[PDB]
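In the authors' numbering, the protein residues as written are 2046 to 2140. Every residue, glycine too, gets a C-beta built ideally from N, C-alpha and C.
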Ligand SMILES: *P(=O)(O)OCC(C)(C)[C@@H](O)C(=O)NCCC(=O)NCCSC(=O)CCCCCCC
């Protein structure tokens, strides 16, 4: 797990990856929408995320990160943006 062997990226270079991840993640749980078109400043609320699909989103981006993530993930930081930051820290600060 953790394809992060490409480490050495600047914050935003990782963030863009992650903003694409979480978007592709959420767009998959709901089975809709081009992930590239998922706006970071928008809330998963608006994107169509409920409580059940919240965890599925986490599940997806957790499987794509290879680390372990709290079931309160989406409960605490719901946005494509906020997860981008959290997962960024999870990848750089945590190994
Ligand atoms: P969930 O418990 O699985 O949601 C199903 C629910 C709330 C019982 C139904 O009423 C329903 O499908 N309506 C959803 C309305 C909402 O906007 N609620 C979404 C999640 S409720 C909640 O607060 C869970 C924590 C997630 C916080 C971010 C809100 C998406």
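Taken in chain order, the unbroken stretches of alpha helix (DSSP H) that lie wholly in the segment 2088–2130 and span 4 residues or more are 2089–2092, 2096–2108, 2118–2121. Nearest to residue 2081 by alpha-carbon distance, out of 2126, 2115, 2052, 2049, is 2126.
Per DSSP, residue 2086 lies in no alpha helix (DSSP H) segment and is marked neither H nor E.
The residue from 2113, 2112, 2116, 2068 with its alpha-carbon nearest to that of residue 2091 is 2068. Ligand 1 never approaches residue 2092 closely enough for any of its heavy atoms to be under 7 Å from the residue's Cβ.
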